[PDB]
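Q: Input: one structure, supplied below.
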Amino acid sequence: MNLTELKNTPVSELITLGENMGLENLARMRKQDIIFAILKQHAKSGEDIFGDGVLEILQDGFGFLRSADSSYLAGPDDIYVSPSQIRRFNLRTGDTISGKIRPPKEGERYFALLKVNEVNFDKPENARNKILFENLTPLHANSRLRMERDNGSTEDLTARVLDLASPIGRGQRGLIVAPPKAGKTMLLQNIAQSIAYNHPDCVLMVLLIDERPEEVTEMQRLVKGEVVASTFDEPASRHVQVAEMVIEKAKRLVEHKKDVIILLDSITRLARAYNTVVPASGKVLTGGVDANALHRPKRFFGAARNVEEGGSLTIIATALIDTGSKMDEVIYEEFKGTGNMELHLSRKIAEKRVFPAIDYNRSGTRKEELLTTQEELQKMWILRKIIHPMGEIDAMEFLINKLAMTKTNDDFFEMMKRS
Amino acid sequence: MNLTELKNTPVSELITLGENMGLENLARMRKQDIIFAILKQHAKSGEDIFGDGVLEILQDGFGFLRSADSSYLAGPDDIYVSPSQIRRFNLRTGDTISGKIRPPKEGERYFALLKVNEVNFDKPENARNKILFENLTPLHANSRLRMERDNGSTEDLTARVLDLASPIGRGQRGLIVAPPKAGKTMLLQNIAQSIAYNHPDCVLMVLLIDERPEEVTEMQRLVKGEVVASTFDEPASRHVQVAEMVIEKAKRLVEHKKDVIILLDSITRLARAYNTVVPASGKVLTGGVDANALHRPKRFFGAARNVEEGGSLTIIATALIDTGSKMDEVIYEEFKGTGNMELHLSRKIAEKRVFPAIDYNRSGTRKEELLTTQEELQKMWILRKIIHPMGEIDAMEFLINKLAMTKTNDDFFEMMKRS
Amino acid sequence: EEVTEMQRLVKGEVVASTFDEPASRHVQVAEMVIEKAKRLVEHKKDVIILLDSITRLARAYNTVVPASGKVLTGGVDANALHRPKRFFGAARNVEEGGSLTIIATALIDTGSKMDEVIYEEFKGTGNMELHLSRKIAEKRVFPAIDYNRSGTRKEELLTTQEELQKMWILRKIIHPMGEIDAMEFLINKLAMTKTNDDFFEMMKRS
Ligand SMILES: Nc1ncnc2c1ncn2[C@@H]1O[C@H](COP(=O)(O)OP(=O)(O)O)[C@@H](O)[C@H]1O
Ligand SMILES: Nc1ncnc2c1ncn2[C@@H]1O[C@H](COP(=O)(O)OP(=O)(O)O)[C@@H](O)[C@H]1O
Ligand SMILES: [Mg+2]
Ligand SMILES: [Mg+2]
């Protein structure tokens, strides 16, 4: 009846559903084709069919309603919307549209939208009056996103260390710097669990670029939110498309006074896709990266801000360093001081089998007075006073044993004042 | 009626204003497009429309009237001026023009200027006879800009320390040297507050290059003057454009016997933009900076001077050191002895959580006899006689406690003579 | 319709031949005008002829003149083009007195092979060249004149010593720029100047 649940159902249930409807030879076809075949057979029955998706306005004028299940990939089951709907209902890219759809008339291969009754989880009339994201005035982060989980076991202290190293708030534009094989993949998993548990209201989005297929499955099964990704086999034009879709969708949610958190991975890989797709403008910098090529990722990364009117957009990205590629290090140079939060991971700490491998001295956040209270903020200052003299390799080891014997970070603070 | 107040009004008021005029679908558009749409509807009504902006003469011959609200960014609402106006009214880049404008006729997408009745806040006839800035004879600073604020609380002693460290006067060309995360961002805020409070007559301009969007908003909300900035997402060609617009506007104000103060931030980042935009001339120095590339920032920085005929131009810039980039340190070498005032901030003082982190021994000013009185000048000499022997790390700590127990710097002077 | 507006606008006698008239009529009109023009020159009188178009005129001569057994590219006989060259070449300045000025328009890029071969024979036969660019015309900027390609030969006699050298410096700054934007540069500069003399002094200013 509704396209939303058909994609969520496994392929095995779809095969059984299609067989009783009279369809045949469905197991050997793709999942997208099965959905189209099932809808087509149900469409001619006469019962109304609903749908949902994310609008993607093309340069021609007509758009499509991509689905987050397929990672916003074009497919036969995508809903086609004529430019007339964009006229009557003023819509932009990334808008969420849910409504009745009609069977595709002969001469067209895509379903068409009949009527719109829900735009961005709101009435269509109210969505027309929402202020644009650009017109919103950015501000510093005010409310802190707690990272410590009470249910979290003492085996993994990554969540607790992040609170001591660099607190994160709504609208933060933090950047993660880490060499390869430094544990950055599961570092975001701890952040995703903490955000989902401590702040269920916040919308969590995980974006993966050039990630292995196995990595995508575990992220979807672990993160309590919608996760989109693009495998390495997909062309470069697909990687940029996924990134553009997520940021546009995130901006629309911000306009509705809603908080959305994006865990980008990785900014270095994302800039590679933009460099390839964007044609050369005649100016080539070191490493073969065009100056105009890096303009797009900066605008995407810089969109993170705290809106004074309401809502916030928090973007956390991982930067790859010491990867052996000249093109990778030059990108990190452009994104050096562009973030208000720095989280540097050390390779030499990681090889010592001590986790989390966080360089406490280098990592930090800017304007942390607003995030933390008066007492909590000054308790971190004295902690940094005793961690700075010691080496970074043993600095993490010092915190690991101290945090192990303390149930919570509050107990750790009073222990430090004891000596 | 007038374009000046439309930009100052928030977006919410613009939406309400447009709706009663018959416009529709304005919330989803940019603020610049809303202004153009509102003006277009009001233009066909018949009532006269005024305008204001800063002239930007292009290489073709025609100019535009950029607005300081949009940080001198090209937009649909910019006023177009034909070369005929530049002929009849001899105008240069950076001139402020205010006058009636006409609706755009078909075949043009920009408003046109009808008549000019105010040039540089003066009659157009008188502005034609103003002497060029280059012909003015520079001189040393004579009148000192007081930095100590009576209303200033004892919690922040940064304003008082600057008076003891290095006094600043009109036409000063001071340079600030500080490592990253040394408190330079709010250091200029204290200077901006002192200049606005002690000397409301002086025109204060704050220029930010490659600054985060959140940093821009707080500067505008705090500085009692017009503030222009360029975010990191904007291309390199935008950063140079903003810098050129400010200096040209500042020079024109000086020609009208007016004092203008520019708080540049940062000179290191500004030189990066010039290096990228300027094509290579075949000669490459250390770090990849062309010799001709650094010529433009030196001319911009060197424009600060005290005019004997009248007025002054004070430029204060922050230089980034110990940033880990080879290109950053070579730029500082060229700007080492180019400033008559030196203000060095120490990283090791900053990490001790003692502020302001100012290296008193290294910081100083040249030709301070004119700025200070006979008694005040010699009182600083004895102070430097007792601060030089002690280390720079504890030198600031010595001043902090001494200034805390003294209400004003005058009371601090007599206390030193007591012992 | 084109004939009527020319007669109502040109302050002189205008002759024309419509397309419906046979080819033998087109040659007859051309022969009558040149013969009349020559007689006026003999009486120490100046006559100016605005021919339009030389390409179309050669078509009429090619049709009426019988083939001589030799056919060039495009089907134009060598002897067929002899007559238009003599007609076009009659323009000259008479030392004894009077003059004969002939200005003709040549059609190019018309999609016809016969039209382009005719232009080849009339390439270097004129002492003045005035080339119009199609891409400038479609930009809705007029006149669409290719300044770099257009020019005249032996212009020292026509212009004065000061005026001639003022054009040389103008060509020195128009040659580097593209022909599409060269006309746009002149249009704005000439708009702000009342006369060409004021345009000359403006250029040296910068
Ligand atoms: N908090 C942690 N606790 C235990 N092991 C960790 C932790 N973080 C990382 N690791 C180790 O790192 C390895 C995975 O690293 P990975 O996340 O793939 O790095 P990268 O993403 O840079 O390739 C695992 O084998 C795991 O043992
Ligand atoms: N005068 C001051 N009083 C108190 N704290 C200060 C002062 N100056 C700087 N700071 C500290 O510096 C931090 C901000 O540094 P910032 O200005 O961002 O340095 P940078 O601009 O080099 O990054 C704040 O957390 C603040 O606590
Ligand atoms: Mg990984
Ligand atoms: Mg700063």
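Here's how to read the names in the structure tokens: chain A, B, ... by the order shown, residue numbers from 1 in each chain, ligand numbers from 1 in the order shown.
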Which residues are near residue 122 of chain C? Cut-off 12 Å, only C-alpha atoms, ignore same chain within fewer than 3 positions. Put them as a PyMOL selection string.
A: chain C and resi 54-55+58+81-82+84-86+88-89+104-108+115-119+125-129
Q: Got time to write the residues from that selection, N, CA and C atoms, as an mmCIF file, in the first residue's frame?
A:
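The file below, again.cif, is the result:
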data_model
loop_
_atom_site.group_PDB
_atom_site.id
_atom_site.type_symbol
_atom_site.label_atom_id
_atom_site.label_comp_id
_atom_site.auth_asym_id
_atom_site.auth_seq_id
_atom_site.Cartn_x
_atom_site.Cartn_y
_atom_site.Cartn_z
ATOM 1 N N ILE C 54 27.525 41.959 -54.933
ATOM 2 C CA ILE C 54 28.423 41.462 -55.971
ATOM 3 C C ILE C 54 28.261 39.959 -56.149
ATOM 4 N N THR C 55 27.993 39.234 -55.060
ATOM 5 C CA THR C 55 27.782 37.794 -55.164
ATOM 6 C C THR C 55 26.556 37.484 -56.013
ATOM 7 N N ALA C 58 27.198 38.261 -59.809
ATOM 8 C CA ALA C 58 27.955 37.240 -60.524
ATOM 9 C C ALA C 58 27.084 36.044 -60.880
ATOM 10 N N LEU C 81 32.968 35.092 -64.816
ATOM 11 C CA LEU C 81 33.387 36.049 -63.799
ATOM 12 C C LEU C 81 34.190 37.208 -64.371
ATOM 13 N N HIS C 82 34.560 37.157 -65.652
ATOM 14 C CA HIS C 82 35.312 38.255 -66.249
ATOM 15 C C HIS C 82 34.496 39.541 -66.273
ATOM 16 N N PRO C 84 31.860 40.652 -64.236
ATOM 17 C CA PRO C 84 31.748 41.370 -62.955
ATOM 18 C C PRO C 84 33.044 42.021 -62.508
ATOM 19 N N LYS C 85 34.192 41.397 -62.781
ATOM 20 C CA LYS C 85 35.464 42.002 -62.397
ATOM 21 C C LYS C 85 35.688 43.318 -63.128
ATOM 22 N N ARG C 86 35.375 43.358 -64.424
ATOM 23 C CA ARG C 86 35.510 44.601 -65.175
ATOM 24 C C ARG C 86 34.544 45.659 -64.659
ATOM 25 N N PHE C 88 33.276 45.770 -61.514
ATOM 26 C CA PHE C 88 33.743 46.161 -60.189
ATOM 27 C C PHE C 88 35.032 46.967 -60.272
ATOM 28 N N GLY C 89 35.932 46.593 -61.181
ATOM 29 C CA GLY C 89 37.213 47.265 -61.298
ATOM 30 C C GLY C 89 37.154 48.638 -61.932
ATOM 31 N N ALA C 104 30.596 47.401 -52.770
ATOM 32 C CA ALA C 104 29.797 46.207 -52.986
ATOM 33 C C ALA C 104 29.860 45.310 -51.761
ATOM 34 N N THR C 105 28.793 44.544 -51.556
ATOM 35 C CA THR C 105 28.691 43.609 -50.446
ATOM 36 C C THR C 105 28.862 42.190 -50.970
ATOM 37 N N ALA C 106 29.737 41.425 -50.325
ATOM 38 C CA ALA C 106 30.018 40.049 -50.707
ATOM 39 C C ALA C 106 29.391 39.106 -49.690
ATOM 40 N N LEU C 107 28.644 38.122 -50.181
ATOM 41 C CA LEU C 107 27.960 37.165 -49.323
ATOM 42 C C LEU C 107 28.864 35.970 -49.048
ATOM 43 N N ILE C 108 29.025 35.634 -47.768
ATOM 44 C CA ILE C 108 29.810 34.482 -47.351
ATOM 45 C C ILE C 108 28.998 33.678 -46.347
ATOM 46 N N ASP C 115 28.604 30.438 -54.014
ATOM 47 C CA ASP C 115 28.784 31.769 -53.442
ATOM 48 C C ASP C 115 30.200 31.971 -52.917
ATOM 49 N N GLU C 116 30.795 30.934 -52.324
ATOM 50 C CA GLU C 116 32.108 31.104 -51.709
ATOM 51 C C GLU C 116 33.219 31.192 -52.750
ATOM 52 N N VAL C 117 33.082 30.490 -53.876
ATOM 53 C CA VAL C 117 34.117 30.540 -54.904
ATOM 54 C C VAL C 117 34.179 31.929 -55.531
ATOM 55 N N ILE C 118 33.029 32.592 -55.664
ATOM 56 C CA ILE C 118 33.008 33.948 -56.207
ATOM 57 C C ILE C 118 33.779 34.895 -55.298
ATOM 58 N N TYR C 119 33.593 34.761 -53.982
ATOM 59 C CA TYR C 119 34.309 35.615 -53.041
ATOM 60 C C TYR C 119 35.816 35.414 -53.129
ATOM 61 N N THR C 125 40.971 42.031 -54.624
ATOM 62 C CA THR C 125 40.711 42.957 -55.718
ATOM 63 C C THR C 125 40.299 44.345 -55.248
ATOM 64 N N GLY C 126 40.002 44.521 -53.966
ATOM 65 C CA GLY C 126 39.553 45.798 -53.432
ATOM 66 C C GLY C 126 40.602 46.410 -52.521
ATOM 67 N N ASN C 127 40.706 47.738 -52.564
ATOM 68 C CA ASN C 127 41.648 48.456 -51.716
ATOM 69 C C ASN C 127 41.108 48.717 -50.317
ATOM 70 N N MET C 128 39.840 48.405 -50.063
ATOM 71 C CA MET C 128 39.233 48.573 -48.750
ATOM 72 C C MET C 128 38.488 47.300 -48.382
ATOM 73 N N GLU C 129 38.698 46.824 -47.158
ATOM 74 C CA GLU C 129 38.049 45.622 -46.655
ATOM 75 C C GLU C 129 37.207 45.980 -45.442
#
Q: Just want the 12 Å neighbourhood of residue 28 of chain C, counted on only C-alpha atoms, with same-chain residues fewer than 5 positions away dropped. Output as number ranges by chain.
A: C: 15-17, 21-23, 33-35, 57, 60-61, 64
Q: Could you give me, as JSON, numbers by chain, each residue of segment 115-343 of chain A that DSSP assigns to strand (DSSP E or B) when run on this structure's backbone?
A: {"A": [118, 119, 122, 138, 139, 144, 145, 168, 169, 174, 175, 176, 177, 178, 203, 204, 205, 206, 207, 208, 209, 210, 211, 227, 228, 229, 230, 231, 259, 260, 261, 262, 263, 264, 265, 305, 306, 307, 312, 313, 314, 315, 316, 317, 318, 319, 320, 341, 342, 343]}
Q: Determine which residues of chain B sit within 10 Å of chain C, taking into account only C-alpha atoms, and present them as a ChimeraX atom specification.
A: /B:60-62,82-84,87
Q: Kindly indicate which residue among B:112, B:91, B:186, B:267 lies nearest to chain A, using only C-alpha atoms for the distances.
A: B:186
Q: Taking only C-alpha atoms and all ligand atoms and a cut-off of 7 Å, can you tell me which residues surround ligand 2, written as a PyMOL selection string?
A: (chain A and resi 366-369) or (chain B and resi 156-158+179-187+355-356)
Q: Enumerate as a ChimeraX atom specification the residues belonging to chain B that approach chain A to within 9 Å, with only C-alpha atoms taken into account.
A: /B:11-12,15,25-31,181,210-218,231-236,276,325,351-353
Q: Quick one: everything within 12 Å of residue 391 of chain A, counting only C-alpha atoms, minus sequence neighbours fewer than 2 positions away in the same chain. Send it as a list in words.
A: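 Returned residues: residues 348, 349, 359, 360, 361, 362, 386, 387, 388, 389, 393, 394, 395, 396, 397 and 398 of chain A.
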Q: Store the residues picked out above in a file with C-alpha atoms, as a PDB file, in the first residue's frame.
A:
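selection16.pdb, written as the output of this step:
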ATOM      1  CA  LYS A 348      52.212   5.859  17.782  1.00  0.00           C
ATOM      2  CA  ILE A 349      49.607   5.660  20.551  1.00  0.00           C
ATOM      3  CA  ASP A 359      46.486  13.236  21.445  1.00  0.00           C
ATOM      4  CA  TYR A 360      45.183  15.168  24.445  1.00  0.00           C
ATOM      5  CA  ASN A 361      47.655  18.051  24.142  1.00  0.00           C
ATOM      6  CA  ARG A 362      46.900  18.749  20.475  1.00  0.00           C
ATOM      7  CA  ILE A 386      49.232  18.325  34.561  1.00  0.00           C
ATOM      8  CA  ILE A 387      48.881  16.620  31.163  1.00  0.00           C
ATOM      9  CA  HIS A 388      50.839  19.216  29.160  1.00  0.00           C
ATOM     10  CA  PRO A 389      54.241  18.590  30.858  1.00  0.00           C
ATOM     11  CA  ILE A 393      52.313   8.851  24.409  1.00  0.00           C
ATOM     12  CA  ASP A 394      52.043   8.424  28.189  1.00  0.00           C
ATOM     13  CA  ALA A 395      49.370  11.118  28.587  1.00  0.00           C
ATOM     14  CA  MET A 396      46.660   8.767  27.320  1.00  0.00           C
ATOM     15  CA  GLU A 397      47.977   5.928  29.493  1.00  0.00           C
ATOM     16  CA  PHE A 398      47.719   8.221  32.519  1.00  0.00           C
TER      17      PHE A 398
END
Q: Taking only segment 57-132 of chain C into account, list the residues labelled helix (DSSP H, G or I) by DSSP (computed from the backbone), as an MDAnalysis selection string.
A: chainID C and resid 57:64 73:75 82:89 113:121
Q: Near residue 328 of chain B, within 10 Å and counting only C-alpha atoms, which residues show up once chain neighbours fewer than 6 positions away are dropped, as a JSON list (two decimals) with C-alpha atoms, in the first residue's frame?
A:
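Written out: out-v9.json:
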[["chain", "number", "residue", "atom", "x", "y", "z"],
["B", 268, "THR", "CA", 49.21, 36.24, 7.19],
["B", 269, "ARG", "CA", 45.89, 34.99, 5.81],
["B", 271, "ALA", "CA", 48.95, 37.33, 1.92],
["B", 272, "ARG", "CA", 47.78, 33.78, 1.19],
["B", 287, "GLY", "CA", 57.53, 28.40, 0.79],
["B", 289, "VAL", "CA", 55.40, 32.72, -2.21],
["B", 319, "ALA", "CA", 50.61, 38.00, 12.18],
["B", 320, "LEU", "CA", 50.42, 34.23, 12.58],
["B", 321, "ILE", "CA", 53.57, 32.42, 13.71],
["B", 322, "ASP", "CA", 54.37, 28.85, 14.78]]
Q: When you count only C-alpha atoms and all ligand atoms, which of these residues is closest to ligand 4: B:57, B:116, B:209, B:159?
A: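 Checking each of B:57, B:116, B:209, B:159 against ligand 4, counting only C-alpha atoms and all ligand atoms, the winner is B:209.
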Q: Kindly give the distance, in Å, that separates atom CA of residue 147 of chain A and atom CA of residue 198 of chain A, rounded to a single decimal.
A: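 These atoms are spaced 7.4 Å apart.
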Q: Please list as JSON, numbers by chain every residue within 9 Å of residue 290 of chain B, counting only C-alpha atoms and excluding residues in the same chain fewer than 5 positions away.
A: {"B": [275, 278, 279, 280, 281, 282, 283, 284, 285]}
Q: Env of residue 186 of chain C: 10 Å cut, atoms = only C-alpha atoms, seq-sep filter 3 positions within chain, self excluded. Answer as a VMD selection string.
A: chain C and resid 147 174 181 to 183 189 to 191 199
Q: Just N, CA and C atoms for this one: save the residues we selected as an mmCIF file, in the first residue's frame.
A:
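For reference, selection14.cif as written:
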data_model
loop_
_atom_site.group_PDB
_atom_site.id
_atom_site.type_symbol
_atom_site.label_atom_id
_atom_site.label_comp_id
_atom_site.auth_asym_id
_atom_site.auth_seq_id
_atom_site.Cartn_x
_atom_site.Cartn_y
_atom_site.Cartn_z
ATOM 1 N N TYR C 147 36.772 44.665 -36.412
ATOM 2 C CA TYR C 147 37.730 45.759 -36.529
ATOM 3 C C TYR C 147 39.105 45.261 -36.956
ATOM 4 N N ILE C 174 43.404 47.456 -29.852
ATOM 5 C CA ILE C 174 42.282 46.613 -30.247
ATOM 6 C C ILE C 174 42.756 45.250 -30.746
ATOM 7 N N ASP C 181 34.714 41.065 -28.336
ATOM 8 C CA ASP C 181 34.691 42.138 -27.353
ATOM 9 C C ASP C 181 35.323 43.425 -27.861
ATOM 10 N N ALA C 182 35.982 43.394 -29.022
ATOM 11 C CA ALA C 182 36.562 44.614 -29.571
ATOM 12 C C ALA C 182 35.481 45.622 -29.931
ATOM 13 N N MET C 183 34.399 45.157 -30.557
ATOM 14 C CA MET C 183 33.302 46.057 -30.896
ATOM 15 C C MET C 183 32.612 46.580 -29.643
ATOM 16 N N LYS C 189 32.869 53.233 -25.484
ATOM 17 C CA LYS C 189 33.759 54.387 -25.576
ATOM 18 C C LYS C 189 33.189 55.462 -26.493
ATOM 19 N N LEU C 190 32.592 55.060 -27.618
ATOM 20 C CA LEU C 190 32.014 56.047 -28.524
ATOM 21 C C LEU C 190 30.719 56.628 -27.973
ATOM 22 N N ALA C 191 30.018 55.880 -27.117
ATOM 23 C CA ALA C 191 28.776 56.385 -26.541
ATOM 24 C C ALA C 191 29.030 57.586 -25.638
ATOM 25 N N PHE C 199 36.952 61.152 -28.746
ATOM 26 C CA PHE C 199 37.366 59.780 -28.478
ATOM 27 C C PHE C 199 38.880 59.632 -28.565
#
Q: Write out as a VMD selection string the residues lying within 9 Å of segment 371-377 of chain B, counting only C-alpha atoms and excluding same-chain residues fewer than 6 positions away.
A: chain B and resid 141 to 145 167 to 169 410 413
Q: Store the residues picked out above in a file with C-alpha atoms, as an mmCIF file, in the first residue's frame.
A:
data_model
loop_
_atom_site.group_PDB
_atom_site.id
_atom_site.type_symbol
_atom_site.label_atom_id
_atom_site.label_comp_id
_atom_site.auth_asym_id
_atom_site.auth_seq_id
_atom_site.Cartn_x
_atom_site.Cartn_y
_atom_site.Cartn_z
ATOM 1 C CA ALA B 141 51.668 59.623 15.303
ATOM 2 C CA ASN B 142 51.007 62.651 17.514
ATOM 3 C CA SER B 143 47.747 62.153 19.440
ATOM 4 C CA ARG B 144 47.524 58.988 21.532
ATOM 5 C CA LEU B 145 44.441 56.762 21.440
ATOM 6 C CA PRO B 167 50.657 52.907 23.407
ATOM 7 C CA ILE B 168 48.846 53.412 20.110
ATOM 8 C CA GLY B 169 48.093 56.691 18.357
ATOM 9 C CA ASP B 410 48.151 56.276 37.394
ATOM 10 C CA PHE B 413 52.875 54.348 38.614
#
Q: Could you check which of A:191, A:80, A:254, A:238 is closest to ligand 1, using only C-alpha atoms and all ligand atoms?
A: A:191
Q: Restricting the calculation to only C-alpha atoms, which member of A:153, A:166, A:230, A:16 is positioned closest to residue 70 of chain A?
A: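 The answer is A:230, which sits nearest to residue 70 of chain A.
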Q: When you draw a straight line from atom CA of residue 250 of chain A to atom CA of residue 9 of chain A, how long is it in Å?
A: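 Pair atom CA of residue 250 of chain A / atom CA of residue 9 of chain A returns 25.9 Å.
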